[PDB]
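Participant: One structure, pasted below without further comment.
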There are 2 protein chains.
Amino acid sequence: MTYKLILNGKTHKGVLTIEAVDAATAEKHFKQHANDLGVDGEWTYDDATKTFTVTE
Amino acid sequence: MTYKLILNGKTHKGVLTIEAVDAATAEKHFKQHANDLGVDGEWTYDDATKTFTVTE
Ligand SMILES: [Cl-]
Ligand SMILES: [Cl-]
Ligand SMILES: [Cl-]
Ligand SMILES: [Cl-]
Ligand SMILES: [Cl-]
Ligand SMILES: [Cl-]
Ligand code: NA
Ligand code: NA
Ligand code: NA
Ligand code: NA
Ligand SMILES: [Zn+2]
Ligand SMILES: [Zn+2]
Ligand SMILES: [Zn+2]
Ligand SMILES: [Zn+2]
């Protein structure tokens with residue numbers, strides 16, 4: 001299914017959408033993106049919208 | 001305005017949307033994302049949809 005990441009970082013404000021087999025796979029991918037971007041924030045997940053938020 | 005990046009990398013297939021004052025500013029931001037993700041691809045731009053694509 002489609003999963004989304006809302007980036008709410010100091011220098012990264014955006015929305016990323018990907019496809020993944022499950023939420024765990026999406027979250028692993030999203031955490032790698034955030035790590036590569038130097039985003040070090042607090043994570044939340046909304047199951048109803050399959051949307052993660054990372055907030056610095 | 002809103003600008004989009006279609007990631008068509010070997011390991012990064014996704015869509016990123018951001019806001020930016022102009023296409024040049026969006027593209028600079030997008031190129032930094034792609035650099036941070038280790039995406040080394042060919043860039044194209046569609047003015048009508050304010051959408052870049054990076055293709056490995
Ligand atoms: Cl699907
Ligand atoms: Cl961003
Ligand atoms: Cl973690
Ligand atoms: Cl705007
Ligand atoms: Cl991606
Ligand atoms: Cl360049
Ligand atoms: Na996957
Ligand atoms: Na879920
Ligand atoms: Na900007
Ligand atoms: Na344009
Ligand atoms: Zn799927
Ligand atoms: Zn960004
Ligand atoms: Zn704008
Ligand atoms: Zn990716």
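Identifiers in this document derive from the order of the structure tokens: chains are assigned A, B, ..., residues are numbered from 1 separately in each chain, and ligands are numbered from 1 in order of occurrence.
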Based on only C-alpha atoms, which of the residues in chain B come within 6 Å of chain A? I want them as a list in words.
Facilitator: residues 14, 15, 16, 17, 18, 36 and 37 of chain B
Participant: Could you report the residues within 8 Å of ligand 8, using only C-alpha atoms and all ligand atoms, as a list in words?
Facilitator: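 After applying the 8 Å limit, what remains is residues 22, 23, 46, 47, 48, 49 and 50 of chain A.
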Participant: Can you list, as an MDAnalysis selection string, every residue of chain B that DSSP puts in strand (DSSP E or B)?
Facilitator: chainID B and resid 2:8 13:19 42:46 51:55
Participant: Running DSSP on the backbone, which parts of chain A land in alpha helix (DSSP H), as a compact mmCIF listing (two decimals) with C-alpha atoms, in the first residue's frame?
Facilitator:
# COMPACT_ATOMS: atom_id res chain seq x y z
CA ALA A 23 3.95 -0.28 7.88
CA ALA A 24 7.15 -1.76 9.36
CA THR A 25 8.80 -1.82 5.95
CA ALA A 26 7.63 1.76 5.24
CA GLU A 27 8.89 2.96 8.62
CA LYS A 28 12.33 1.35 8.10
CA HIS A 29 12.58 3.14 4.73
CA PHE A 30 11.42 6.43 6.18
CA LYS A 31 13.86 6.23 9.08
CA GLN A 32 16.69 5.69 6.59
CA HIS A 33 15.60 8.79 4.65
CA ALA A 34 15.46 10.88 7.80
CA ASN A 35 18.89 9.54 8.86
CA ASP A 36 20.42 10.34 5.47
CA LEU A 37 18.91 13.92 5.61
Participant: Which residues come within 8 Å of residue 41 of chain A, counting only C-alpha atoms, excluding same-chain residues fewer than 2 positions away, as JSON, numbers by chain?
Facilitator: {"A": [9, 39, 43, 54, 55, 56]}
Participant: Next, dump the selected residues to file, keeping only C-alpha atoms, as a PDB file, in the first residue's frame.
Facilitator:
ATOM      1  CA  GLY A   9      12.385  19.160  10.441  1.00  0.00           C
ATOM      2  CA  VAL A  39      16.786  14.778  10.490  1.00  0.00           C
ATOM      3  CA  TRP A  43       8.233   9.982  15.277  1.00  0.00           C
ATOM      4  CA  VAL A  54       9.046  13.148  12.039  1.00  0.00           C
ATOM      5  CA  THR A  55       9.226  16.329  14.055  1.00  0.00           C
ATOM      6  CA  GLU A  56      12.456  18.159  15.131  1.00  0.00           C
TER       7      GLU A  56
END
Participant: Can you measure atom CA of residue 20 of chain A to atom 1 (Zn, counted along the ligand's line) of ligand 11 for me? One decimal in Å is fine.
Facilitator: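 So the two atoms, atom CA of residue 20 of chain A and atom 1 (Zn, counted along the ligand's line) of ligand 11, lie 5.0 Å apart.
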